[PDB]
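*Asks:* Provided below: entry39.txt, containing compact mmCIF, N, CA and C atoms.
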```txt
# COMPACT_ATOMS: atom_id res chain seq x y z
N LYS A 1 -69.28 118.86 -198.87
CA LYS A 1 -70.37 119.08 -199.85
C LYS A 1 -70.50 120.58 -200.12
N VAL A 2 -70.69 120.93 -201.39
CA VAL A 2 -70.91 122.31 -201.78
C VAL A 2 -72.38 122.35 -202.22
N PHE A 3 -73.21 123.01 -201.41
CA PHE A 3 -74.64 123.14 -201.68
C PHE A 3 -74.95 124.09 -202.80
N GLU A 4 -76.04 123.82 -203.52
CA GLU A 4 -76.47 124.76 -204.53
C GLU A 4 -77.38 125.68 -203.71
N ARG A 5 -77.55 126.92 -204.16
CA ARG A 5 -78.35 127.92 -203.46
C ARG A 5 -79.70 127.48 -202.88
N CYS A 6 -80.66 127.21 -203.76
CA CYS A 6 -81.99 126.82 -203.33
C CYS A 6 -82.06 125.52 -202.54
N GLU A 7 -81.15 124.59 -202.85
CA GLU A 7 -81.05 123.32 -202.14
C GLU A 7 -80.73 123.64 -200.66
N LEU A 8 -79.80 124.56 -200.45
CA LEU A 8 -79.43 124.93 -199.10
C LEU A 8 -80.55 125.68 -198.40
N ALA A 9 -81.23 126.58 -199.11
CA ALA A 9 -82.32 127.36 -198.50
C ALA A 9 -83.40 126.45 -197.94
N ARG A 10 -83.74 125.41 -198.69
CA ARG A 10 -84.75 124.46 -198.24
C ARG A 10 -84.22 123.59 -197.10
N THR A 11 -82.93 123.23 -197.17
CA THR A 11 -82.31 122.43 -196.13
C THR A 11 -82.33 123.18 -194.80
N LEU A 12 -81.98 124.47 -194.83
CA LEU A 12 -81.98 125.28 -193.63
C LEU A 12 -83.41 125.46 -193.11
N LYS A 13 -84.35 125.68 -194.03
CA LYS A 13 -85.75 125.84 -193.63
C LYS A 13 -86.23 124.60 -192.87
N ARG A 14 -85.95 123.41 -193.41
CA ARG A 14 -86.36 122.16 -192.77
C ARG A 14 -85.76 122.00 -191.38
N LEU A 15 -84.57 122.56 -191.20
CA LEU A 15 -83.86 122.48 -189.93
C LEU A 15 -84.27 123.56 -188.92
N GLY A 16 -85.31 124.33 -189.24
CA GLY A 16 -85.82 125.35 -188.33
C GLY A 16 -85.08 126.68 -188.24
N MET A 17 -84.37 127.03 -189.30
CA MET A 17 -83.60 128.27 -189.33
C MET A 17 -84.38 129.51 -189.75
N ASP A 18 -85.51 129.32 -190.43
CA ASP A 18 -86.28 130.46 -190.90
C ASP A 18 -86.91 131.25 -189.75
N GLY A 19 -86.32 132.41 -189.45
CA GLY A 19 -86.82 133.25 -188.38
C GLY A 19 -86.32 132.86 -187.01
N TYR A 20 -85.32 131.98 -186.95
CA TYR A 20 -84.77 131.56 -185.66
C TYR A 20 -84.23 132.79 -184.92
N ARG A 21 -84.79 133.06 -183.74
CA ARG A 21 -84.41 134.22 -182.93
C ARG A 21 -84.48 135.50 -183.78
N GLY A 22 -85.52 135.58 -184.59
CA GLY A 22 -85.74 136.73 -185.45
C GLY A 22 -84.86 136.87 -186.66
N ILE A 23 -84.04 135.86 -186.96
CA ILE A 23 -83.15 135.91 -188.12
C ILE A 23 -83.75 135.23 -189.34
N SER A 24 -83.97 135.98 -190.40
CA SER A 24 -84.56 135.42 -191.63
C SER A 24 -83.65 134.41 -192.35
N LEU A 25 -84.27 133.56 -193.15
CA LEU A 25 -83.55 132.55 -193.91
C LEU A 25 -82.56 133.21 -194.88
N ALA A 26 -82.95 134.33 -195.50
CA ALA A 26 -82.07 135.06 -196.42
C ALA A 26 -80.81 135.56 -195.72
N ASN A 27 -80.92 135.90 -194.44
CA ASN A 27 -79.75 136.33 -193.68
C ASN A 27 -78.81 135.14 -193.47
N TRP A 28 -79.37 133.98 -193.16
CA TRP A 28 -78.54 132.78 -192.97
C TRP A 28 -77.85 132.39 -194.27
N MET A 29 -78.56 132.54 -195.39
CA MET A 29 -78.03 132.23 -196.71
C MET A 29 -76.88 133.18 -197.05
N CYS A 30 -77.07 134.46 -196.76
CA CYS A 30 -76.05 135.47 -197.04
C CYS A 30 -74.81 135.16 -196.18
N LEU A 31 -75.03 134.68 -194.96
CA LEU A 31 -73.93 134.32 -194.07
C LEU A 31 -73.14 133.12 -194.62
N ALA A 32 -73.83 132.03 -194.95
CA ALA A 32 -73.18 130.82 -195.47
C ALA A 32 -72.46 131.12 -196.79
N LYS A 33 -73.08 131.95 -197.62
CA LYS A 33 -72.52 132.33 -198.91
C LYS A 33 -71.17 133.02 -198.74
N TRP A 34 -71.14 134.08 -197.93
CA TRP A 34 -69.89 134.80 -197.72
C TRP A 34 -68.88 134.10 -196.83
N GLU A 35 -69.35 133.23 -195.94
CA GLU A 35 -68.43 132.53 -195.06
C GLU A 35 -67.66 131.40 -195.74
N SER A 36 -68.36 130.59 -196.54
CA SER A 36 -67.75 129.42 -197.17
C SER A 36 -68.14 129.13 -198.61
N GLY A 37 -69.03 129.92 -199.19
CA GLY A 37 -69.47 129.65 -200.54
C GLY A 37 -70.34 128.40 -200.53
N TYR A 38 -71.05 128.20 -199.42
CA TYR A 38 -71.94 127.04 -199.23
C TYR A 38 -71.16 125.72 -199.20
N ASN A 39 -69.92 125.75 -198.71
CA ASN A 39 -69.04 124.57 -198.64
C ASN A 39 -68.92 124.07 -197.20
N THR A 40 -69.41 122.86 -196.95
CA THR A 40 -69.37 122.26 -195.62
C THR A 40 -67.97 121.87 -195.12
N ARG A 41 -67.02 121.66 -196.03
CA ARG A 41 -65.67 121.29 -195.57
C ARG A 41 -64.65 122.43 -195.60
N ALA A 42 -65.16 123.66 -195.71
CA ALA A 42 -64.32 124.86 -195.70
C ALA A 42 -63.64 124.99 -194.33
N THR A 43 -62.36 125.36 -194.32
CA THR A 43 -61.63 125.54 -193.07
C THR A 43 -60.68 126.71 -193.23
N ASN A 44 -60.48 127.44 -192.15
CA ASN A 44 -59.58 128.58 -192.18
C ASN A 44 -58.80 128.63 -190.89
N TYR A 45 -57.49 128.49 -190.99
CA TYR A 45 -56.65 128.53 -189.80
C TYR A 45 -56.27 129.98 -189.57
N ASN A 46 -56.29 130.39 -188.31
CA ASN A 46 -55.95 131.76 -187.92
C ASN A 46 -54.62 131.67 -187.18
N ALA A 47 -53.54 131.94 -187.90
CA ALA A 47 -52.19 131.86 -187.33
C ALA A 47 -51.99 132.79 -186.14
N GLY A 48 -52.70 133.92 -186.16
CA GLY A 48 -52.60 134.89 -185.09
C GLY A 48 -52.98 134.36 -183.73
N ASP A 49 -54.12 133.68 -183.62
CA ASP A 49 -54.55 133.16 -182.32
C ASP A 49 -54.64 131.65 -182.24
N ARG A 50 -54.08 130.98 -183.24
CA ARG A 50 -54.04 129.52 -183.29
C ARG A 50 -55.41 128.80 -183.28
N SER A 51 -56.45 129.47 -183.77
CA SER A 51 -57.78 128.86 -183.84
C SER A 51 -58.10 128.54 -185.30
N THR A 52 -59.16 127.77 -185.53
CA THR A 52 -59.56 127.41 -186.88
C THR A 52 -61.08 127.56 -187.00
N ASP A 53 -61.53 128.03 -188.16
CA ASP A 53 -62.96 128.21 -188.46
C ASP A 53 -63.39 126.97 -189.25
N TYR A 54 -64.51 126.36 -188.88
CA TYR A 54 -64.97 125.13 -189.54
C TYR A 54 -66.33 125.13 -190.19
N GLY A 55 -66.39 124.55 -191.38
CA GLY A 55 -67.66 124.37 -192.07
C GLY A 55 -68.35 125.48 -192.82
N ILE A 56 -69.61 125.20 -193.15
CA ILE A 56 -70.44 126.11 -193.93
C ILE A 56 -70.66 127.48 -193.28
N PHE A 57 -70.63 127.53 -191.95
CA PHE A 57 -70.78 128.81 -191.23
C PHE A 57 -69.45 129.31 -190.64
N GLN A 58 -68.37 128.59 -190.91
CA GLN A 58 -67.04 128.97 -190.41
C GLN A 58 -67.04 129.31 -188.93
N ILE A 59 -67.53 128.37 -188.13
CA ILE A 59 -67.61 128.52 -186.69
C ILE A 59 -66.20 128.28 -186.12
N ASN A 60 -65.77 129.17 -185.23
CA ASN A 60 -64.43 129.15 -184.63
C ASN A 60 -64.18 128.21 -183.44
N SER A 61 -62.99 127.61 -183.40
CA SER A 61 -62.64 126.65 -182.34
C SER A 61 -62.34 127.20 -180.96
N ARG A 62 -62.13 128.51 -180.85
CA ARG A 62 -61.82 129.09 -179.55
C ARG A 62 -62.96 129.02 -178.55
N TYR A 63 -64.19 129.15 -179.04
CA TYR A 63 -65.35 129.16 -178.16
C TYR A 63 -66.43 128.15 -178.44
N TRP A 64 -66.54 127.71 -179.69
CA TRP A 64 -67.66 126.85 -180.09
C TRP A 64 -67.56 125.35 -180.27
N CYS A 65 -66.41 124.86 -180.71
CA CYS A 65 -66.26 123.43 -180.90
C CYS A 65 -64.87 123.03 -180.46
N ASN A 66 -64.70 121.75 -180.15
CA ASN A 66 -63.40 121.26 -179.72
C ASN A 66 -62.59 120.56 -180.81
N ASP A 67 -61.34 121.00 -181.00
CA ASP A 67 -60.45 120.37 -181.96
C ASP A 67 -59.19 119.91 -181.25
N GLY A 68 -59.14 120.10 -179.94
CA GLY A 68 -57.99 119.70 -179.14
C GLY A 68 -56.68 120.48 -179.30
N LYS A 69 -56.56 121.32 -180.32
CA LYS A 69 -55.33 122.07 -180.56
C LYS A 69 -55.41 123.59 -180.46
N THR A 70 -56.48 124.12 -179.87
CA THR A 70 -56.63 125.57 -179.73
C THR A 70 -56.43 125.91 -178.24
N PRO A 71 -55.37 126.70 -177.92
CA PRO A 71 -55.02 127.11 -176.56
C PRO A 71 -56.13 127.76 -175.74
N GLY A 72 -56.39 127.18 -174.57
CA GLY A 72 -57.41 127.71 -173.67
C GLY A 72 -58.81 127.88 -174.25
N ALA A 73 -59.13 127.06 -175.25
CA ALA A 73 -60.43 127.11 -175.90
C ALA A 73 -61.52 126.44 -175.10
N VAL A 74 -62.76 126.77 -175.45
CA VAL A 74 -63.92 126.16 -174.81
C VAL A 74 -64.73 125.52 -175.95
N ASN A 75 -65.81 124.84 -175.60
CA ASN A 75 -66.63 124.11 -176.56
C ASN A 75 -68.12 124.34 -176.24
N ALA A 76 -68.60 125.56 -176.49
CA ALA A 76 -69.97 125.94 -176.19
C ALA A 76 -71.05 125.12 -176.90
N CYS A 77 -70.78 124.64 -178.11
CA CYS A 77 -71.77 123.81 -178.80
C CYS A 77 -71.66 122.36 -178.39
N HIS A 78 -70.62 122.06 -177.59
CA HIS A 78 -70.35 120.71 -177.12
C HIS A 78 -70.32 119.71 -178.28
N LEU A 79 -69.43 119.98 -179.23
CA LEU A 79 -69.25 119.18 -180.43
C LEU A 79 -67.78 119.11 -180.78
N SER A 80 -67.40 118.08 -181.52
CA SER A 80 -66.04 117.97 -182.02
C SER A 80 -66.14 118.89 -183.23
N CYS A 81 -65.09 119.64 -183.53
CA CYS A 81 -65.12 120.49 -184.70
C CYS A 81 -65.33 119.64 -185.95
N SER A 82 -64.98 118.35 -185.88
CA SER A 82 -65.20 117.43 -187.01
C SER A 82 -66.70 117.39 -187.39
N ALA A 83 -67.57 117.52 -186.39
CA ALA A 83 -69.02 117.48 -186.63
C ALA A 83 -69.45 118.64 -187.54
N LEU A 84 -68.62 119.68 -187.60
CA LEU A 84 -68.87 120.86 -188.44
C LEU A 84 -68.32 120.71 -189.86
N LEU A 85 -67.81 119.53 -190.19
CA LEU A 85 -67.26 119.28 -191.53
C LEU A 85 -68.04 118.18 -192.26
N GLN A 86 -69.20 117.81 -191.73
CA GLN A 86 -70.06 116.77 -192.33
C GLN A 86 -70.87 117.31 -193.52
N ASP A 87 -71.26 116.44 -194.45
CA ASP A 87 -72.09 116.88 -195.58
C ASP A 87 -73.46 117.27 -195.01
N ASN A 88 -73.90 116.50 -194.01
CA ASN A 88 -75.16 116.77 -193.34
C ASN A 88 -74.91 117.94 -192.41
N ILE A 89 -75.69 119.00 -192.56
CA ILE A 89 -75.48 120.19 -191.76
C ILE A 89 -76.27 120.33 -190.45
N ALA A 90 -76.97 119.29 -190.02
CA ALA A 90 -77.74 119.38 -188.78
C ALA A 90 -76.94 119.88 -187.57
N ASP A 91 -75.79 119.27 -187.29
CA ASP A 91 -74.98 119.70 -186.15
C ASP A 91 -74.47 121.14 -186.31
N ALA A 92 -74.08 121.51 -187.53
CA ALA A 92 -73.60 122.87 -187.79
C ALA A 92 -74.74 123.87 -187.51
N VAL A 93 -75.96 123.51 -187.91
CA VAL A 93 -77.15 124.32 -187.67
C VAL A 93 -77.41 124.45 -186.16
N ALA A 94 -77.35 123.34 -185.43
CA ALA A 94 -77.55 123.38 -183.97
C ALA A 94 -76.52 124.30 -183.33
N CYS A 95 -75.29 124.25 -183.83
CA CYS A 95 -74.24 125.09 -183.28
C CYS A 95 -74.45 126.56 -183.67
N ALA A 96 -74.81 126.81 -184.92
CA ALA A 96 -75.06 128.18 -185.39
C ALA A 96 -76.19 128.78 -184.56
N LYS A 97 -77.19 127.97 -184.22
CA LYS A 97 -78.30 128.45 -183.39
C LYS A 97 -77.75 128.80 -182.01
N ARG A 98 -76.87 127.95 -181.48
CA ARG A 98 -76.26 128.21 -180.17
C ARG A 98 -75.52 129.55 -180.16
N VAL A 99 -74.77 129.81 -181.22
CA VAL A 99 -74.02 131.05 -181.34
C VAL A 99 -74.95 132.27 -181.21
N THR A 100 -76.09 132.24 -181.90
CA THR A 100 -77.03 133.35 -181.87
C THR A 100 -77.80 133.53 -180.56
N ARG A 101 -77.80 132.52 -179.69
CA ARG A 101 -78.49 132.67 -178.41
C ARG A 101 -77.74 133.66 -177.52
N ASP A 102 -76.52 134.01 -177.93
CA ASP A 102 -75.68 134.96 -177.21
C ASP A 102 -76.14 136.38 -177.55
N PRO A 103 -75.68 137.38 -176.77
CA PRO A 103 -76.01 138.81 -176.91
C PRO A 103 -75.95 139.45 -178.30
N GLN A 104 -74.97 139.06 -179.10
CA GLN A 104 -74.82 139.63 -180.45
C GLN A 104 -75.80 139.11 -181.48
N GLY A 105 -76.29 137.89 -181.29
CA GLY A 105 -77.19 137.33 -182.29
C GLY A 105 -76.39 137.08 -183.56
N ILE A 106 -76.99 137.34 -184.72
CA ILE A 106 -76.35 137.12 -186.03
C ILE A 106 -75.06 137.94 -186.22
N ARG A 107 -74.94 139.02 -185.45
CA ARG A 107 -73.76 139.88 -185.49
C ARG A 107 -72.47 139.21 -184.99
N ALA A 108 -72.59 138.01 -184.43
CA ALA A 108 -71.41 137.27 -183.95
C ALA A 108 -70.41 137.06 -185.10
N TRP A 109 -70.94 136.90 -186.31
CA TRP A 109 -70.13 136.71 -187.51
C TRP A 109 -69.81 138.05 -188.15
N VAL A 110 -68.54 138.44 -188.14
CA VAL A 110 -68.15 139.71 -188.73
C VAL A 110 -68.49 139.76 -190.22
N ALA A 111 -68.45 138.61 -190.90
CA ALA A 111 -68.78 138.55 -192.33
C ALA A 111 -70.21 139.00 -192.58
N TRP A 112 -71.12 138.66 -191.67
CA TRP A 112 -72.53 139.07 -191.80
C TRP A 112 -72.60 140.61 -191.70
N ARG A 113 -71.87 141.19 -190.76
CA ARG A 113 -71.83 142.65 -190.62
C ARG A 113 -71.26 143.30 -191.90
N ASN A 114 -70.19 142.73 -192.44
CA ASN A 114 -69.58 143.28 -193.65
C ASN A 114 -70.40 143.11 -194.94
N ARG A 115 -70.98 141.93 -195.15
CA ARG A 115 -71.69 141.67 -196.41
C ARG A 115 -73.19 141.44 -196.40
N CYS A 116 -73.81 141.42 -195.22
CA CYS A 116 -75.24 141.18 -195.14
C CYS A 116 -76.06 142.24 -194.43
N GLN A 117 -75.55 142.75 -193.32
CA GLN A 117 -76.23 143.77 -192.55
C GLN A 117 -76.58 145.00 -193.39
N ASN A 118 -77.84 145.41 -193.32
CA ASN A 118 -78.35 146.57 -194.05
C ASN A 118 -78.15 146.43 -195.55
N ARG A 119 -78.21 145.20 -196.02
CA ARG A 119 -78.06 144.94 -197.44
C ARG A 119 -79.36 144.30 -197.91
N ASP A 120 -79.55 144.28 -199.22
CA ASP A 120 -80.74 143.69 -199.84
C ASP A 120 -80.39 142.21 -200.00
N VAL A 121 -80.85 141.36 -199.08
CA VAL A 121 -80.53 139.94 -199.19
C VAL A 121 -81.64 139.09 -199.78
N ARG A 122 -82.69 139.73 -200.28
CA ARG A 122 -83.82 139.02 -200.89
C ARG A 122 -83.36 138.01 -201.93
N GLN A 123 -82.37 138.41 -202.71
CA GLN A 123 -81.83 137.57 -203.78
C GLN A 123 -81.39 136.17 -203.38
N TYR A 124 -81.03 135.98 -202.12
CA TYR A 124 -80.55 134.67 -201.69
C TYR A 124 -81.61 133.55 -201.63
N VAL A 125 -82.87 133.92 -201.43
CA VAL A 125 -83.92 132.91 -201.35
C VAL A 125 -84.93 133.02 -202.48
N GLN A 126 -84.72 133.92 -203.42
CA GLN A 126 -85.70 134.07 -204.50
C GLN A 126 -85.81 132.84 -205.38
N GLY A 127 -87.04 132.34 -205.52
CA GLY A 127 -87.28 131.19 -206.37
C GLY A 127 -86.97 129.83 -205.77
N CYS A 128 -86.60 129.79 -204.49
CA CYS A 128 -86.27 128.53 -203.82
C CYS A 128 -87.47 127.83 -203.18
N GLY A 129 -88.63 128.48 -203.19
CA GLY A 129 -89.81 127.86 -202.62
C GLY A 129 -89.83 127.85 -201.11
N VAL A 130 -89.18 128.84 -200.51
CA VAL A 130 -89.14 128.92 -199.06
C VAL A 130 -89.97 130.11 -198.58
```
What would you get if you wrote out this structure as structure tokens?

*Replies:*
Amino acid sequence: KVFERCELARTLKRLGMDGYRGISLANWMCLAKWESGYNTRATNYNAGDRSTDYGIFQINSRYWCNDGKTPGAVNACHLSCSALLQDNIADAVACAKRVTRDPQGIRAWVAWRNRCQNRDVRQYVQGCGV
């Protein structure tokens, strides 16, 4: 599923993402936007380390979900990576929350550092009723 902007903002809000561990909804929107273009079935294989990024938040298989084909990987969200390719984003949200409970917080995603950190992200939630 490819979410429309405001539809996603409200979906994330309902799922408890607004201000989760101090992270604003606009930051989450900026992350999903640059990671997958709001596409839940987005996937990116990393030939260098044999891992794959899954879903709307492009969560990686080396540490967060199990796909059975990533060498010496772990599954911190305790989910099949398939759960990160569903139209319904609840599991992806639970996993994204798990990622941020770690030391880096939202900085775990390099894309957020490149395109969201110290940027004006107000535009992502404007007019969405959140």

*Asks:* Need the shell around residue 120 of chain A: protein/DNA/RNA residues with any atom at most 12 Å away, counting only C-alpha atoms. Skip same-chain ones fewer than 4 positions apart. Format as a compact mmCIF listing (two decimals) with N, CA and C atoms, in the frame of the given file?

*Replies:*
```txt
# COMPACT_ATOMS: atom_id res chain seq x y z
N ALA A 26 -82.95 134.33 -195.50
CA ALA A 26 -82.07 135.06 -196.42
C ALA A 26 -80.81 135.56 -195.72
N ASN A 27 -80.92 135.90 -194.44
CA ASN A 27 -79.75 136.33 -193.68
C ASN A 27 -78.81 135.14 -193.47
N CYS A 30 -77.07 134.46 -196.76
CA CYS A 30 -76.05 135.47 -197.04
C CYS A 30 -74.81 135.16 -196.18
N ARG A 115 -70.98 141.93 -195.15
CA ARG A 115 -71.69 141.67 -196.41
C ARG A 115 -73.19 141.44 -196.40
N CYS A 116 -73.81 141.42 -195.22
CA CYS A 116 -75.24 141.18 -195.14
C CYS A 116 -76.06 142.24 -194.43
N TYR A 124 -81.03 135.98 -202.12
CA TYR A 124 -80.55 134.67 -201.69
C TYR A 124 -81.61 133.55 -201.63
N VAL A 125 -82.87 133.92 -201.43
CA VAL A 125 -83.92 132.91 -201.35
C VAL A 125 -84.93 133.02 -202.48
N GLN A 126 -84.72 133.92 -203.42
CA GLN A 126 -85.70 134.07 -204.50
C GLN A 126 -85.81 132.84 -205.38
```

*Asks:* Counting only C-alpha atoms, which residue out of A:94, A:70, A:110, A:10 sits closest to residue 47 of chain A?

*Replies:*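 Of the candidates, the smallest distance to residue 47 of chain A is held by A:70.
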
*Asks:* Could you please write out, as a list in words, every residue of segment 4-130 of chain A that DSSP assigns to strand (DSSP E)?

*Replies:*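 In segment 4-130 of chain A, DSSP puts these residues in strand (DSSP E): residues 43, 44, 45, 46, 51, 52, 53, 54, 59 and 60 of chain A.
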
*Asks:* Counting only C-alpha atoms, which residue out of A:106, A:2, A:9, A:31 sits closest to residue 85 of chain A?

*Replies:*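 Residue with the minimum atom-to-atom distance to residue 85 of chain A: A:2.
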
*Asks:* Quick one, how far is atom CA of residue 38 of chain A from atom N of residue 5 of chain A?

*Replies:*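 Computing the Euclidean distance for atom CA of residue 38 of chain A and atom N of residue 5 of chain A yields 7.5 Å.
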
*Asks:* With distances taken over only N, CA and C atoms, which residue among A:64, A:29, A:84, A:23 lies nearest residue 42 of chain A?

*Replies:* A:84

*Asks:* In Å, how far is it from atom C of residue 108 of chain A to atom C of residue 127 of chain A?

*Replies:*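 These two atoms are separated by 27.5 Å.
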
*Asks:* Near residue 95 of chain A, within 8 Å and counting all atoms listed in the file, which residues show up once chain neighbours fewer than 2 positions away are dropped, as a PDB file with N, CA and C atoms, keeping the file's coordinate frame?

*Replies:*
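This went into selection-v1.pdb:
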```pdb
ATOM      1  N   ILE A  59     -67.530 128.370-188.130  1.00  0.00           N
ATOM      2  CA  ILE A  59     -67.610 128.520-186.690  1.00  0.00           C
ATOM      3  C   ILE A  59     -66.200 128.280-186.120  1.00  0.00           C
ATOM      4  N   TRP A  64     -66.540 127.710-179.690  1.00  0.00           N
ATOM      5  CA  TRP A  64     -67.660 126.850-180.090  1.00  0.00           C
ATOM      6  C   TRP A  64     -67.560 125.350-180.270  1.00  0.00           C
ATOM      7  N   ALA A  76     -68.600 125.560-176.490  1.00  0.00           N
ATOM      8  CA  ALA A  76     -69.970 125.940-176.190  1.00  0.00           C
ATOM      9  C   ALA A  76     -71.050 125.120-176.900  1.00  0.00           C
ATOM     10  N   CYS A  77     -70.780 124.640-178.110  1.00  0.00           N
ATOM     11  CA  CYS A  77     -71.770 123.810-178.800  1.00  0.00           C
ATOM     12  C   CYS A  77     -71.660 122.360-178.390  1.00  0.00           C
ATOM     13  N   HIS A  78     -70.620 122.060-177.590  1.00  0.00           N
ATOM     14  CA  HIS A  78     -70.350 120.710-177.120  1.00  0.00           C
ATOM     15  C   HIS A  78     -70.320 119.710-178.280  1.00  0.00           C
ATOM     16  N   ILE A  89     -75.690 119.000-192.560  1.00  0.00           N
ATOM     17  CA  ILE A  89     -75.480 120.190-191.760  1.00  0.00           C
ATOM     18  C   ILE A  89     -76.270 120.330-190.450  1.00  0.00           C
ATOM     19  N   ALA A  90     -76.970 119.290-190.020  1.00  0.00           N
ATOM     20  CA  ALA A  90     -77.740 119.380-188.780  1.00  0.00           C
ATOM     21  C   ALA A  90     -76.940 119.880-187.570  1.00  0.00           C
ATOM     22  N   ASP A  91     -75.790 119.270-187.290  1.00  0.00           N
ATOM     23  CA  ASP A  91     -74.980 119.700-186.150  1.00  0.00           C
ATOM     24  C   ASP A  91     -74.470 121.140-186.310  1.00  0.00           C
ATOM     25  N   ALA A  92     -74.080 121.510-187.530  1.00  0.00           N
ATOM     26  CA  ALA A  92     -73.600 122.870-187.790  1.00  0.00           C
ATOM     27  C   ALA A  92     -74.740 123.870-187.510  1.00  0.00           C
ATOM     28  N   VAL A  93     -75.960 123.510-187.910  1.00  0.00           N
ATOM     29  CA  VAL A  93     -77.150 124.320-187.670  1.00  0.00           C
ATOM     30  C   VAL A  93     -77.410 124.450-186.160  1.00  0.00           C
ATOM     31  N   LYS A  97     -77.190 127.970-184.220  1.00  0.00           N
ATOM     32  CA  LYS A  97     -78.300 128.450-183.390  1.00  0.00           C
ATOM     33  C   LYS A  97     -77.750 128.800-182.010  1.00  0.00           C
ATOM     34  N   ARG A  98     -76.870 127.950-181.480  1.00  0.00           N
ATOM     35  CA  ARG A  98     -76.260 128.210-180.170  1.00  0.00           C
ATOM     36  C   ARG A  98     -75.520 129.550-180.160  1.00  0.00           C
ATOM     37  N   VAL A  99     -74.770 129.810-181.220  1.00  0.00           N
ATOM     38  CA  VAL A  99     -74.020 131.050-181.340  1.00  0.00           C
ATOM     39  C   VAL A  99     -74.950 132.270-181.210  1.00  0.00           C
ATOM     40  N   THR A 100     -76.090 132.240-181.900  1.00  0.00           N
ATOM     41  CA  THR A 100     -77.030 133.350-181.870  1.00  0.00           C
ATOM     42  C   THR A 100     -77.800 133.530-180.560  1.00  0.00           C
ATOM     43  N   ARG A 101     -77.800 132.520-179.690  1.00  0.00           N
ATOM     44  CA  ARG A 101     -78.490 132.670-178.410  1.00  0.00           C
ATOM     45  C   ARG A 101     -77.740 133.660-177.520  1.00  0.00           C
TER      46      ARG A 101
END
```

*Asks:* Interatomic distance between atom CA of residue 32 of chain A and atom CA of residue 56 of chain A?

*Replies:*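 Atom CA of residue 56 of chain A lies at a distance of 5.7 Å from atom CA of residue 32 of chain A.
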
*Asks:* Export segment 80-91 of chain A from the structure block above, keeping N, CA, C and O atoms, as a PDB file, in the first residue's frame.

*Replies:*
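So selection-v4.pdb came out as:
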```pdb
ATOM      1  N   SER A  80       8.600 -11.658  11.653  1.00  0.00           N
ATOM      2  CA  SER A  80       9.081 -12.157  10.377  1.00  0.00           C
ATOM      3  C   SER A  80       9.171 -10.849   9.609  1.00  0.00           C
ATOM      4  O   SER A  80       8.312  -9.975   9.802  1.00  0.00           O
ATOM      5  N   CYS A  81      10.173 -10.698   8.744  1.00  0.00           N
ATOM      6  CA  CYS A  81      10.274  -9.490   7.954  1.00  0.00           C
ATOM      7  C   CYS A  81       9.025  -9.327   7.101  1.00  0.00           C
ATOM      8  O   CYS A  81       8.685  -8.221   6.729  1.00  0.00           O
ATOM      9  N   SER A  82       8.327 -10.428   6.815  1.00  0.00           N
ATOM     10  CA  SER A  82       7.073 -10.373   6.045  1.00  0.00           C
ATOM     11  C   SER A  82       6.045  -9.458   6.752  1.00  0.00           C
ATOM     12  O   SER A  82       5.254  -8.767   6.098  1.00  0.00           O
ATOM     13  N   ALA A  83       6.067  -9.445   8.083  1.00  0.00           N
ATOM     14  CA  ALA A  83       5.140  -8.619   8.857  1.00  0.00           C
ATOM     15  C   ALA A  83       5.340  -7.132   8.556  1.00  0.00           C
ATOM     16  O   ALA A  83       4.420  -6.328   8.737  1.00  0.00           O
ATOM     17  N   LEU A  84       6.527  -6.790   8.039  1.00  0.00           N
ATOM     18  CA  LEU A  84       6.876  -5.415   7.670  1.00  0.00           C
ATOM     19  C   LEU A  84       6.490  -5.061   6.234  1.00  0.00           C
ATOM     20  O   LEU A  84       6.828  -3.978   5.745  1.00  0.00           O
ATOM     21  N   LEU A  85       5.788  -5.967   5.555  1.00  0.00           N
ATOM     22  CA  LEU A  85       5.353  -5.727   4.181  1.00  0.00           C
ATOM     23  C   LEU A  85       3.822  -5.717   4.056  1.00  0.00           C
ATOM     24  O   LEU A  85       3.284  -5.739   2.946  1.00  0.00           O
ATOM     25  N   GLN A  86       3.131  -5.665   5.193  1.00  0.00           N
ATOM     26  CA  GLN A  86       1.663  -5.644   5.228  1.00  0.00           C
ATOM     27  C   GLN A  86       1.101  -4.248   4.918  1.00  0.00           C
ATOM     28  O   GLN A  86       1.765  -3.245   5.180  1.00  0.00           O
ATOM     29  N   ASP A  87      -0.130  -4.174   4.416  1.00  0.00           N
ATOM     30  CA  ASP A  87      -0.758  -2.871   4.155  1.00  0.00           C
ATOM     31  C   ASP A  87      -1.004  -2.209   5.514  1.00  0.00           C
ATOM     32  O   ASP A  87      -0.923  -0.989   5.651  1.00  0.00           O
ATOM     33  N   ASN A  88      -1.378  -3.034   6.487  1.00  0.00           N
ATOM     34  CA  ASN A  88      -1.615  -2.561   7.844  1.00  0.00           C
ATOM     35  C   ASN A  88      -0.244  -2.357   8.465  1.00  0.00           C
ATOM     36  O   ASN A  88       0.545  -3.291   8.545  1.00  0.00           O
ATOM     37  N   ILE A  89       0.016  -1.150   8.952  1.00  0.00           N
ATOM     38  CA  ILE A  89       1.321  -0.846   9.508  1.00  0.00           C
ATOM     39  C   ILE A  89       1.530  -1.028  11.011  1.00  0.00           C
ATOM     40  O   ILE A  89       2.571  -0.655  11.530  1.00  0.00           O
ATOM     41  N   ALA A  90       0.574  -1.624  11.717  1.00  0.00           N
ATOM     42  CA  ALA A  90       0.731  -1.808  13.160  1.00  0.00           C
ATOM     43  C   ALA A  90       2.038  -2.485  13.572  1.00  0.00           C
ATOM     44  O   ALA A  90       2.757  -1.948  14.426  1.00  0.00           O
ATOM     45  N   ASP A  91       2.361  -3.636  12.969  1.00  0.00           N
ATOM     46  CA  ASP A  91       3.603  -4.335  13.325  1.00  0.00           C
ATOM     47  C   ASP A  91       4.848  -3.509  12.986  1.00  0.00           C
ATOM     48  O   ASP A  91       5.822  -3.507  13.750  1.00  0.00           O
TER      49      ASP A  91
END
```
